[PDB]
**Q** 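Please find one structure pasted underneath; my questions will follow.
What's counted below: heavy atoms across the whole structure, side chains too, no hydrogens, waters or symmetry copies. We're numbering straight along the sequence, starting at 1.
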Amino acid sequence: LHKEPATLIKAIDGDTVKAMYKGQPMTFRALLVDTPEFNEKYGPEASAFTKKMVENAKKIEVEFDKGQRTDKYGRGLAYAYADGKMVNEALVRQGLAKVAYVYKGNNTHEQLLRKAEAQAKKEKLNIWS
Ligand SMILES: Cc1cn([C@H]2C[C@H](OP(=O)(O)O)[C@@H](COP(=O)(O)O)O2)c(=O)[nH]c1=O
Ligand SMILES: [Ca+2]
């Protein structure tokens with residue numbers, strides 16, 4: 001896979017961010033994770049985690065997988081990186097997202113993220129507490 005440039009427009013919630021990609025605004029939905037909705041327990045925490053991460057980064061980057069690049073809502077499906085650190089992985093390692101929506105053909109980082117989730121569950125963090 002390859003990392004491509006993007007510029008943060010707004011953090012939206014734990015697993016969606018709006019960003020400028022190839023010069024057009026795009027809402028990105030993080031591959032392979034599911035944060036709680038803002039109205040649910042750990043929703044506000046997930047939202048603040050991802051917001052801090054992307055807003056504090058000197059750059060963000062998006063990396064598409066091998067399969068679908070857009071979902072049925074028009075959202076970009078990507079792994080997002082904040083100064084080289086993957087947001088998707090970080091959320092799962094902190095117990096603020098579950099590994100989810102793992103579709104054949106769009107699951108390059110599945111094992112990386114399942115390992116993180118095992119660690120968060122072992123440490124009883126957030127969702128897992
Ligand atoms: C993460 C992801 C979500 N989606 C779709 C499936 C779900 O459809 P449904 O809306 O019909 O439930 C929805 C979940 O996103 P949210 O968790 O942002 O609600 O997004 C994909 O199609 N591919 C993906 O890789
Ligand atoms: Ca969600």
Side-chain angles (χ1 to χ4, degrees):
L1 301 184
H2 66 289
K3 292 175 175 72
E4 300 176 62
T7 308
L8 179 64
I9 298 160
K10 193 186 337 292
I12 298 161
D13 75 348
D15 59 18
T16 54
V17 303
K18 186 155 184 216
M20 186 87 73
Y21 175 68
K22 286 172 159 162
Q24 306 293 335
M26 245 226 158
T27 290
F28 283 92
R29 176 60 166 79
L31 281 171
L32 301 188
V33 310
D34 188 35
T35 54
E37 305 292 322
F38 183 91
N39 75 285
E40 295 158 353
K41 193 175 178 202
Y42 306 105
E45 288 72 18
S47 291
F49 184 92
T50 294
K51 169 174 160 88
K52 182 169 200 193
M53 198 162 170
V54 298
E55 279 183 2
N56 299 357
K58 171 162 225 263
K59 65 184 174 178
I60 71 170
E61 293 166 287
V62 296
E63 176 178 65
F64 296 93
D65 207 320
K66 295 289 183 157
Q68 306 304 311
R69 291 195 174 199
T70 313
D71 64 21
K72 62 187 181 191
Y73 297 117
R75 304 179 299 178
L77 289 178
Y79 307 98
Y81 293 82
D83 287 337
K85 184 159 153 63
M86 203 203 301
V87 179
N88 311 50
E89 191 196 11
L91 280 159
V92 172
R93 183 65 183 79
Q94 288 315 303
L96 283 171
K98 292 187 174 166
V99 184
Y101 299 106
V102 181
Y103 294 99
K104 161 153 171 265
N106 233 19
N107 67 343
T108 299
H109 303 308
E110 175 179 6
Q111 182 49 224
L112 182 79
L113 271 43
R114 292 198 186 280
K115 184 64 177 291
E117 187 173 272
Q119 294 168 324
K121 203 167 317 188
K122 194 151 47 87
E123 295 167 11
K124 304 277 177 221
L125 292 181
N126 297 302
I127 290 178
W128 307 115
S129 66

**Q** State, to 0.1 Å, how close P44 and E40 come at their nearest heavy-atom pair, and which atoms those are.
**A** CD-O, 3.4 Å
**Q** Search all heavy atoms of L125 against all heavy atoms of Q94 and return the closest pair with its distance.
**A** CB-O, 3.6 Å
**Q** Between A80 and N88, which heavy-atom pair has the shortest distance, and what is it?
**A** N-OD1, 3.0 Å
**Q** In this structure, which one of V33, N107, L31 forms a side-chain contact (heavy atoms from CB on, under 4.5 Å) with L113?
**A** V33
**Q** Tell me the salt bridge (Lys or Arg N to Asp or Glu O under 4.0 Å) pairs involving residues 80-109, sequence neighbours left out?
**A** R93-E123
**Q** Could you tell me if the side chain of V54 sits less than 4.5 Å from the side chain of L8, heavy atoms only?
**A** yes
**Q** Between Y42 and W128, is any pair of side-chain heavy atoms under 4.5 Å apart?
**A** no
**Q** Any side-chain heavy atom of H109 within less than 4.5 Å of one from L1?
**A** yes
**Q** Within the side chain of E61, is there an N or O that forms a donor-acceptor pair under 3.5 Å with the backbone of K3?
**A** no
**Q** Of all heavy-atom pairs between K66 and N106, which one has the smallest distance, and what is that distance?
**A** N-OD1, 3.7 Å
**Q** Does the side chain of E63 come within less than 4.5 Å of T108's, by heavy atoms?
**A** no
**Q** Without swapping roles, check the side chain of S129 against the backbone of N126 for a donor-acceptor pair under 3.5 Å.
**A** yes
**Q** Report yes if the side chains of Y101 and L77 come closer than 4.5 Å at any heavy-atom pair, otherwise no.
**A** no
**Q** Under 3.5 Å, which donor-acceptor pairs do the side chains of residues 11-19 form with other protein atoms, sequence neighbours left out?
**A**
| unit_1 | atom_1 | unit_2 | atom_2 | d |
| --- | --- | --- | --- | --- |
| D13 | OD1 | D15 | N | 3.2 |
| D13 | OD1 | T16 | N | 3.1 |
| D13 | OD1 | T16 | OG1 | 2.6 |
| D15 | OD2 | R29 | NH1 | 3.4 |
| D15 | OD2 | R29 | NH2 | 3.2 |
| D15 | OD2 | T35 | N | 3.1 |
| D15 | OD2 | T35 | OG1 | 3.0 |

**Q** Ignoring hydrogens and angles, tell me if any N or O in the side chain of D71 forms a donor-acceptor pair with the backbone of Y73 under 3.5 Å.
**A** yes
